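Since every read-out is calculated from the coordinates, none of them should be taken as a lab result. Cβ placement follows ideal geometry from the backbone for every residue including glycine, while neighbour counts extend to all protein chains displayed.
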């Protein structure tokens, strides 16, 4: 049992996905606001609001993020030609989502140092189907649940490590959970 929901709401692109619809509730609210509540330490989900296509934009977000276990809060998006999946992790719970990726330096932006990582996913699900694509990570050391993200500064930093970003696909502020519980209300702009 899986459920994936995308579209435009309040003037913003939204995307929600889970393999357990009964333990996660995603709620579209006005403008770029969305809420997600998950319980029972069962299921995997990713949801949030943003843009399609993304861009080198300044993403402003604010709200409340209350994970209890494996969960992360991140700007999350894709590019095409080349195929790239990227994460700007602003906060996370008991697991660093970067684990397993290769260290690739630091970048200081938006009031904190971010640790950069790169990784390759081999014959894995992607926005274009099963592909081999590159991953870029920026993990904030000073975890926060509100502020501004200069995406261009990470796009520039990543381009000095490996292949440069291609044409943008979707770009959202995502709340994620993996067999955990929590609640979150965020508003992007």
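As for the range 4-14, it holds at least one residue that is part of a loop (DSSP other than H, G, I, E, B) and out of contact with any strand residue (DSSP E or B) (no Cβ under 6 Å at 6 or more places or on another chain). Of the residues making up the range 90-116, those that are outside any strand (DSSP E or B) and either loosely packed, with under 13 Cβ neighbours inside 10 Å or touching a helix residue (DSSP H, G or I) at 6+ places or on another chain (Cβ under 9 Å) (or both) are 94, 99, 100, 110, 111.
Residue 139 passes every criterion in (1) touching a strand residue (DSSP E or B) at 6+ places or on another chain (Cβ under 8 Å); (2) surrounded by fewer than 16 Cβ atoms within 10 Å (Cβ to Cβ) apart from (2). Of all residues in the range 6-31, how many are within 23 Å of residue 97 (Cβ to Cβ) and under 16 Å from the mean Cα position of the chain (by Cα)? Number satisfying all stated conditions: 8.
Taking into account only those residues within the range 20-40 that are farther than 14 Å from residue 10 by Cα and either in contact with a helix residue (DSSP H, G or I) (Cβ under 6 Å, 6 or more places away or on another chain) or touching a residue at least 24 places away in the same chain (Cβ under 8 Å) (or both), which is surrounded by the fewest Cβ atoms within 10 Å (Cβ to Cβ)?
Across the range 20-40, the extreme among qualifying residues is 40.
Based on what the data block shows, is residue 74 over 22 Å from residue 38 (Cα atoms) and in contact (Cβ under 8 Å) with a residue 12 or more places away in the chain? So residue 74 fails the test.
Taken together, the criteria exclude residue 47 from residues that are outside any strand (DSSP E or B), surrounded by 15 or more Cβ atoms within 10 Å (Cβ to Cβ) and in contact with a strand residue (DSSP E or B) (Cβ under 7 Å, 6 or more places away or on another chain). For the range 159-189, residues that are touching a helix residue (DSSP H, G or I) at 6+ places or on another chain (Cβ under 7 Å) and on the phi > 0 side of the Ramachandran plot total 0.
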